[PDB]
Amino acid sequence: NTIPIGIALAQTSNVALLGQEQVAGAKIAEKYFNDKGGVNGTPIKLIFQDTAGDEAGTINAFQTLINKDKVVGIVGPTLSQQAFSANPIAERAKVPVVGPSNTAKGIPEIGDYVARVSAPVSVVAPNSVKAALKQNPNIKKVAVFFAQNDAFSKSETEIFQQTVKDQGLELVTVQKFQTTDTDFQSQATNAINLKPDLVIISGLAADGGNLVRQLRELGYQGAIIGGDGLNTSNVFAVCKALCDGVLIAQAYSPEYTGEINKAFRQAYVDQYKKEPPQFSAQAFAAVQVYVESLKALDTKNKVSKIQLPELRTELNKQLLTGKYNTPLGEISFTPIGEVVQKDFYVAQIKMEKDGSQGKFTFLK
């Protein structure tokens, strides 16, 4: 007998360039927690249902997890774009959802069953602008690009634009693209003609990486910030050596000295031969929230005897009250499921000259 927890992430489509890191973190969590006896001796079982890259696929994944797989709760989905459409399904069904990395404004407000462990754009994004200004205090002109079809990208770009204004910089253009675009020559040229000192990009991974590459090909020599959608080594293959120097804010640090981060990090490094990425840590934290909440609930009200609809409701109620020492740091939730998290960082892509390899260097 095991306790089923649903994992609804992008395992296929270009969204999987982000989702696969999340899957990796979730699998590390499953082993970590089951090796510690699961929920008071009862193992958990992660049940994966691929969302693919759109809303319909996410709705289908959630419905399958809820109705066929009988899960006690869901971790997912990968994108805020998907969450706004699908999370209301879980809300109506009274099934908890813990979002690992969805950072658009308004996610926890979807309802009483929606929480997230990922700090939102309003507190994550401004740090990369400040870091750019530290590296070049003479930045004056900023060009901003965003994916107009993606909910998170639109939420993120609003924060970047406000931060640019608040820092006293000139916003010379805001250019739009689609996440499915591969070619950005017109928008890139239009921006380059305005002589920006800083370019900020809010998109996802393939699109963001292609845009970075093209900006450099077209002669742009200034600073570049990527938003959360570019926060994966999967961009390295796309922009190659021309990824070098991109600044990306982080809600996780491999060097954070929490005991569980040490264990998580060591497990990750031993397997994948590199530092754990943010998205992996966030997915681990989401699973941790469920395991530790299930343990707390089970101690007060043995879960093997609770019928599923009540188990879901009691688990949701419990998880919202918990305090968790996670790879992300000590976190907890507000009454509406927003994360409470203290520390943020900025990293910078450092490519080897040949462009075939790179890493994220954390700024001090």
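For clarity, a rigid core is taken as the largest C-alpha set superposing within 1.5 Å between two forms. The first residue of the sequence shown is number 1, and the count goes up from there.
- Query: Which stretch is more displaced from the shown form in 6 other deposited structures of this protein, 297 to 305 or 317 to 325, with RMS over structures and residues of Cα positions after a rigid core fit?
  - Reply: With the rigid core fitted, 297 to 305 is the stretch that strays more in 6 other deposited structures of this protein.
- Message: So, looking at the entry's B-factor column for Cα atoms, which has the higher mean, 298 to 306 or 48 to 56?
- Response: Stretch with the higher mean C-alpha B-factor: 298 to 306.
- Message: Using only C-alpha atoms and the B-factors in the entry, which stretch averages higher, 99 to 107 or 266 to 274?
- Response: If you average the C-alpha B-factors of 99 to 107 and of 266 to 274, the larger mean comes out for 266 to 274.
- Item | Out of 91, 292, 166, 228, highest CA B-factor residue | Of 91, 292, 166, 228, 166 has the highest C-alpha B-factor.
- Of 182, 288, 155, 190, which one's C-alpha B factor is largest in the deposited record? Checking the PDB record, the top C-alpha B-factor among 182, 288, 155, 190 is at 190.
- Within this chain's modelled residues, let me know which third the CA B factor of residue 5 belongs to: lowest, middle or highest. It falls in the bottom third of the chain.
- Query: Thinking about Cα B factors across the chain, which third does residue 170 belong to?
  - Reply: Middle third of the chain for residue 170's C-alpha B-factor.
- Using the B-factor values recorded in the entry, state whether the Cα atom of residue 141 falls in the lowest, middle or highest third among the modelled residues of its chain. According to the entry, residue 141 has a C-alpha B-factor in the chain's middle third.
- Message: Where does the C-alpha B-factor of residue 282 rank in its chain, lowest, middle or highest third?
- Response: Within its chain, residue 282 is a lowest-third residue by C-alpha B-factor, going by the deposited values.
- Lowest, middle or highest third of the chain for the C-alpha temperature factor of residue 195? Ranked within chain, residue 195 CA B lands in the highest tercile.
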